[PDB]
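Derivation of every value follows stated rules applied to the coordinates shown; laboratory data play no part. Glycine also receives a Cβ, built like all others from the backbone with ideal geometry; neighbour counts cover every protein chain displayed.
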Amino acid sequence: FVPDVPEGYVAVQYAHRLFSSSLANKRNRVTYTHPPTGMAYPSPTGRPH
Amino acid sequence: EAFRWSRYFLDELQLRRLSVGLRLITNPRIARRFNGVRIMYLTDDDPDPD
């Protein structure tokens with residue numbers, strides 16, 4: 001069994017440039033930036049598929 | 001005339017004080033027993049009691 005990647009998911013090649021440090025609510029969170037929009041997501045929760 | 005009402009069998013001053021006390025008891029700042037909680041799976045970013 002290999003689960004299918006669902007419908008809304010955006011493929012992203014991993015690269016170091018993606019994950020980075022950033023200030024986020026008085027903490028130095030390991031922010032991820034999503035290349036389709038360029039938006040930063042410091043928390044692992046709430047990130048786009 | 002003293003028998004017309006028991007006045008709950010209290011002194012007149014205990015009544016007059018009882019008044020202000022009822023004013024204390026219903027002050028919002030004292031009302032600090034809280035009712036009901038909401039369970040929800042959320043990050044504690046920038047916590048505030050309120």
Could you give me D for the protein assembly as shown, from Stokes-Einstein at 25 °C and 0.890 mPa s, where the hydrodynamic radius is the Kirkwood radius over C-alpha pairs? Units µm² s⁻¹, please.
119
Bounding extents of chain B in its principal axis frame from Cα atoms, largest first in Å, are 68, 17, 9
Neighbours of B:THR43 by Cβ distance under 12 Å: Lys/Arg at +1, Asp/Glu at -1, summed charge -1
Row for chain A, column shape: gyration tensor on C-alpha, a ≥ b ≥ c, rounded if a/c < 1.5 i.e. under 1.5, prolate if a/b over b/c, else oblate; value prolate
Cβ-based charge dipole, the protein assembly as shown, positive-most Cα from A:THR33, B:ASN27, A:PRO6:
B:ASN27
Dipole magnitude of chain B about its Cα centre, charges +1 at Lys/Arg Cβ and -1 at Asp/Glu Cβ only, in debye to the nearest 20?
520
Cα long-axis angle, helix B:12-25 against chain B (0 to 90 degrees, to the nearest 10):
10
Find, among the chymotrypsin sites (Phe, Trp or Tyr not before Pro) in segment A:13-43, those assigned to loop by DSSP (not H, G, I, E, B) with at most 11 other beta-carbon atoms within 10 angstrom.
A:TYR14
